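Here's the structure, in structure tokens; my notes come after.
Virtual Cβ from ideal backbone geometry, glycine too; neighbours counted across all protein chains shown. What follows draws every value from the coordinates through simple rules; no lab data is involved.
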Amino acid sequence: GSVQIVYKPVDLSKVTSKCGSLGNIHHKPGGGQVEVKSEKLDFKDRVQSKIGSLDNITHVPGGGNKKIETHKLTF
Amino acid sequence: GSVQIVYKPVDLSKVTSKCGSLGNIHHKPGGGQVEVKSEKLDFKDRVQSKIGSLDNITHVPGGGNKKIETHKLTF
Amino acid sequence: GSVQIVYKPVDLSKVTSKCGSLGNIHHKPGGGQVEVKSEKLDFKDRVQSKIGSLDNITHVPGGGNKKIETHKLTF
Amino acid sequence: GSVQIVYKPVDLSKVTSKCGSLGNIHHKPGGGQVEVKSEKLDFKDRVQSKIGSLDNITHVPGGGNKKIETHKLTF
Amino acid sequence: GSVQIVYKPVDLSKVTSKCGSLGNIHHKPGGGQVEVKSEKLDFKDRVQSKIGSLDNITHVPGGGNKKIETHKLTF
Amino acid sequence: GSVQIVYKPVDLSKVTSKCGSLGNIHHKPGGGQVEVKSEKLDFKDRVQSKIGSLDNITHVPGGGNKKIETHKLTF
Amino acid sequence: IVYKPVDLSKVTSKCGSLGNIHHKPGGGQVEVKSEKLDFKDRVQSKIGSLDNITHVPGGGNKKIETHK
Amino acid sequence: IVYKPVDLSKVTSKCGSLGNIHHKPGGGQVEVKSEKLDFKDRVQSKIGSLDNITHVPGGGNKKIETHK
Amino acid sequence: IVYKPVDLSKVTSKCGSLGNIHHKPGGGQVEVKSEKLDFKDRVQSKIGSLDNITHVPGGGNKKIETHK
């Protein structure tokens, strides 16, 4: 007798992340007038301030991919 | 008795991240007029301030890819 | 008794990151007029300030790729 | 006596045509397989033939504008 | 006696034509497999033929605008 | 006696034609496999044939603008 | 005597296939399938042909004229 | 005596196929399937043909004229 | 005597195939498939041909004229 082993696994797979703003159409978006009048203010602690008419903001901490393969043949 | 081992795994796979702002159209986007009038203000701690009419902002901490393969043949 | 081992793994795989702002069209974007008028302001701690009409900002701390292969044949 | 004529027409008008294919998204459009097998044909007059998987013909004989304007002051 | 004529017509009008395919989303449209098999044909007159899987013909003989205006002041 | 004629027409008008393919996104369009197989064809008059997988014909016989204007002051 | 006869006459024969139009004459598309036939005497066969045939044994003209 | 006859006459024969229009005369698909036929005498066969045939043994003209 | 006869007459034969138009004459598309036929006498066969044939044994003209 004899032993024949053929190990031909095939991987054709796709792992894909599509995360954020993709393929959107923005036709003539208009931000209105913005007026910020401030008088006699006191701030004791940290201030973060954002003022504007039209904002497109995309934040993507996600969309990571992890692929693990193990192949083991023992004789 | 002879032994034949053929170890021919094939990897044709794809791991892909598409993260942030991709393939978008912005046609004539208009930020309106912005007025910020500030008088008599006091800030005791850190100030972060952003003023503007039209902003496109993309932030991508994510979209990382990790691929691990292990191959082991033991006779 | 003969032993034949053929070890011919094939890797044609792709690992790809496309992170940030890619392939977007901005047709005639208009930032409006910005007026910042400030008087009698006091700041006791650090100030970060940004003023402008039109901003395109892309930040990509992400999109890293890590590929590990190990191959072991032990007779 | 005396005469005063103040002829000050103001024209801020718009005439616009937008004709054909504008602002569309065609995401991954696919024409399938086409086979034309042909044997023993006779054509005694003119032939126009067109063969193909995918098409995007944009044909615009139209659009376009006439502005005809006349100003006449007779004294 | 005296005469004063103030002739100030103000035209802020818009004439607009939008024709064909505007602002549409065609997500992954797919024309199937086409087979034409032909044998023993006789054509004694003119032939127009078209064979294909997927089409997006946008034909616009129309649209377009006429603006005819006359201003007449007679004294 | 005296006569005063002030003739100051103001024209800030616009005439615009936008024809054909404008601002469209054609993401990864695909024409499939085309096969034409022919034997024993006879043609006794003019032949136009066109064969191909993918097309994007943009044909514009139209558009164009006529602005005909006359100003006449007769004293 | 003044003797001045005039012949201005015409004698014409127009015989056979004259001035016809045959526009794309063509034909019905023809299949003949024949198996194990037997013929013991003459065969004439036409299959899909467009024979145009003219015979004119006639069409002759005769003028006799005589003067005294 | 003044003798001045005038012949302006016409004698015309017009015989056969003159001035016809045949426009796309053509046909339906013609099929003949034949198996194991037997013919003991002459066969004439036409299948799908467009024979146009003219015979003119006639169409002759005669003019006889005589003067004294 | 003034003897001044005039012959201006015409004698014409126009015989056979004259002035016809055959425009894209073409034909029905022909297949003949034959197996195990037998012929013991003459075969004439036309398959898909466009024969134009003219025979004119006639079309002759004769003029006799005589004067005294």
| field | Residue, nearest to the other protein chains (Cβ to nearest Cβ), within the stretch H:1-28, restricted to residues that are in contact with a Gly (Cβ under 6 Å, 6 or more places away or on another chain) and within 30 Å of residue G:34 (Cβ to Cβ) | value | H:27
| task | Answer yes or no as to whether residue E:67 is within 7 Å of chain D (Cβ to nearest Cβ), of a type in the set (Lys, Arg) and closer than 30 Å to residue F:73 by Cα. | result | yes
| said: I'd like to check something: does the stretch A:42-54 contain any residue that is without any contact (Cβ under 8 Å) to a residue 40 or more places away in the chain, in contact with a strand residue (DSSP E or B) (Cβ under 9 Å, 6 or more places away or on another chain), of a type in the set (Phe, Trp, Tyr) and facing chain B (nearest Cβ under 7 Å)? | reply: yes
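Taking only the stretch G:30-41 into account, find how many residues are free of Cβ contacts under 8 Å to residues at least 12 places away in the same chain and either under 17 Å from residue H:32 (Cβ atoms) or more than 7 Å from every other protein chain (Cβ to nearest Cβ) (or both). Before the answer, list the steps.
To start, the set of residues in the stretch G:30-41 that are free of Cβ contacts under 8 Å to residues at least 12 places away in the same chain comprises G:31, G:33-41.
Then keep just the ones that are either under 17 Å from residue H:32 (Cβ atoms) or more than 7 Å from every other protein chain (Cβ to nearest Cβ) (or both); that gives G:31, G:33-39.
Of the residues in that region, 8 qualify.
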| field | Looking only at the stretch D:26-38, and only at residues there that are of a type in the set (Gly, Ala, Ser) and assigned to a strand (DSSP E or B), the one that is nearest to residue F:37 (Cα to Cα) | value | D:38
| Inside the stretch B:58-75, can you point out the residues that are closer than 30 Å to residue A:23 by Cβ and surrounded by fewer than 18 Cβ atoms within 10 Å (Cβ to Cβ)? | B:66
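May I ask you to verify whether residue I:49 is under 29 Å from residue G:33 (Cβ atoms) and hydroxyl-bearing (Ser, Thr, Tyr)?
Working: under 29 Å from residue G:33 (Cβ atoms): yes; hydroxyl-bearing (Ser, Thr, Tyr): yes.
Criteria met by residue I:49.
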| said: If I ask for residues that are closer than 28 Å to residue B:26 by Cα and surrounded by fewer than 16 Cβ atoms within 10 Å (Cβ to Cβ), which ones from the stretch F:28-55 would you list? | reply: F:28, F:30
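Okay, residues lined up against (1) assigned to a loop (DSSP other than H, G, I, E, B); (2) of a type in the set (S, T, N, Q); (3) on the phi < 0 side of the Ramachandran plot; (4) without any contact (Cβ under 8 Å) to a residue 12 or more places away in the chain:
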{"site": "F:3", "(1), (2), (3), (4)": "no, no, yes, yes"}
{"site": "F:15", "(1), (2), (3), (4)": "no, no, yes, no"}
{"site": "F:19", "(1), (2), (3), (4)": "no, no, yes, no"}
{"site": "F:40", "(1), (2), (3), (4)": "no, no, no, yes"}
{"site": "F:61", "(1), (2), (3), (4)": "yes, no, yes, yes"}
{"site": "F:68", "(1), (2), (3), (4)": "no, no, yes, yes"}
{"site": "F:71", "(1), (2), (3), (4)": "no, no, yes, no"}
| message | Among the residues of the stretch D:16-27, are any over 28 Å from residue C:23 (Cα atoms) and either out of contact with any helix residue (DSSP H, G or I) (no Cβ under 9 Å at 6 or more places or on another chain) or among the basic types (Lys, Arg) (or both)? | response | yes
| task | Starting from the stretch G:42-68, take each residue that is within 30 Å of residue H:66 (Cβ to Cβ) and list its partners that are hydroxyl-bearing (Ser, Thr, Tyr), counting only C-beta distances under 6 angstrom and pairs at least six apart or across chains. | result | G:59/G:13; G:59/I:13; G:61/G:13; G:61/I:13; G:66/H:66; G:66/I:66
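If you scan the stretch C:27-38, which residues turn out to be small (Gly, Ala, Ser) and free of Cβ contacts under 8 Å to residues at least 12 places away in the same chain?
Narrowing the stretch C:27-38 to residues small (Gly, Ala, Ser): C:30-32, C:38.
Within the stretch C:27-38, C:38 is the sole residue that qualifies.
Regarding residue A:24, is this residue of a type outside the set (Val, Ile, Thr) and in contact (Cβ under 8 Å) with a residue 12 or more places away in the chain?
Details: of a type outside the set (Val, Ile, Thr): yes; in contact (Cβ under 8 Å) with a residue 12 or more places away in the chain: no.
Here the answer is no, as residue A:24 does not meet what is asked.
Is one or more of the residues making up the stretch C:32-55 hydroxyl-bearing (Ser, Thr, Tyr) and under 30 Å from residue B:61 (Cβ atoms)? Explain how you work it out, then say what you get.
To start, the set of residues in the stretch C:32-55 that are hydroxyl-bearing (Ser, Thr, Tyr) comprises C:38, C:49, C:53.
With under 30 Å from residue B:61 (Cβ atoms) added as a condition, the list becomes C:49, C:53.
There is at least one residue in the stretch C:32-55 that is hydroxyl-bearing (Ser, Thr, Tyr) and under 30 Å from residue B:61 (Cβ atoms).
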| message | So residue H:17 ticks every box in (1) small (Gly, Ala, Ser); (2) surrounded by fewer than 15 Cβ atoms within 10 Å (Cβ to Cβ); (3) within 21 Å of residue G:23 (Cα to Cα) but one. Which box is left unticked? | response | (2)
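For the stretch G:59-67, indicate whether the set of residues that are facing another protein chain (nearest Cβ under 7 Å), closer than 30 Å to residue H:3 by Cα and of a type in the set (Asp, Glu) is non-empty. I'd like the intermediate steps shown before the answer.
Of all residues in the stretch G:59-67, those facing another protein chain (nearest Cβ under 7 Å) come to G:59-67.
Filter once more, so that each one left must be closer than 30 Å to residue H:3 by Cα: G:61-67.
In the following step, the residues that additionally are of a type in the set (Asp, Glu) were identified as G:65.
Yes - at least one qualifying residue is present in the stretch G:59-67.
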| Take the residues of the stretch F:42-59 that are assigned to a loop (DSSP other than H, G, I, E, B) and of a type in the set (S, T, N, Q): which is nearest to the chain's Cα centre (by Cα)? | F:56
| note | Restricting attention to the stretch I:24-42, the residues that are under 25 Å from residue H:53 (Cα atoms) and loosely packed, with under 13 Cβ neighbours inside 10 Å number exactly 1
| Quick one: would you say residue F:25 is surrounded by fewer than 12 Cβ atoms within 10 Å (Cβ to Cβ) and under 24 Å from the mean Cα position of the chain (by Cα)? | no
